[PDB]
Structure formats: structure tokens, C-alpha cells
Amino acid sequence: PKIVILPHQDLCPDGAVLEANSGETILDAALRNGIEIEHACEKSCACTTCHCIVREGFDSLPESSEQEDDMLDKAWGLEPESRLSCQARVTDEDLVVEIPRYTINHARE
């Protein structure tokens, strides 16, 4: 399915259209296309730097785990449609995704 990344001043100025594979995470699809979404804990579901908001298609994605939910409670700019992009896997529906203006990372320099 197609994943549209909304325009992001720092990581995707004009936005982008990604052709993602079913079962593939939003993050891996983004990274293959050179969209550098931060992933501090290396896709271990232990941070919130890969946080994204699924504006369209949130219901198509597999429900978030208990471990993911706990991490999201720490996410800056949390919304009902927030997901850790390293955990959210595309299924059979096109998505519209927004990368947050900021993400909390106590280890950032």
C-alpha cells in the first residue's frame, strides 16, 4: 500500500509517497526511501523518537501492543492516532502519516 508522508520542514520538505509492502513497518518503508525518522532504541519499542501520527488509515493497522502503549504515554504531541513507526505495520490500506514537530530524547546532544 501507499504511505503518504506529509510535508515536514526538516525530514521531508515537500512530503513524499512511499510504496510500502504489506507487513512492513511504517519506519522501514520510510527509511528505504531515505526519510530519516529517528529510531534511537533501534526499533526495540523502548523510546518515542520514531513517533508518528497516522492521519488516515489508523484503523487498518494492527492494534498497538501493551509495551507500545506505555512508551506512547511518554511521547511528545500524543494524539489518538499516534503510533511508534517501528511497530506499526501496513496491511491492505493506504495511509497518510505525519511526523511530529518534536520527539523527546534525553540522550540527544
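When you see a residue number, it is the position in the sequence shown, counting from 1.
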query = Which of the two stretches, 30-38 or 48-56, shows the higher mean Cα temperature factor in the record?
reply = 30-38
request  = Look up the CA B-factors in the entry and say which stretch, 76-84 or 63-71, has the higher mean.
outcome  = 63-71
ask   = Checking the entry, which one of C12, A20, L95, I99 has the top C-alpha B factor?
value = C12
task = Classify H8 as lowest, middle or highest third according to the C-alpha B-factor given in the PDB entry, relative to its own chain.
result = middle
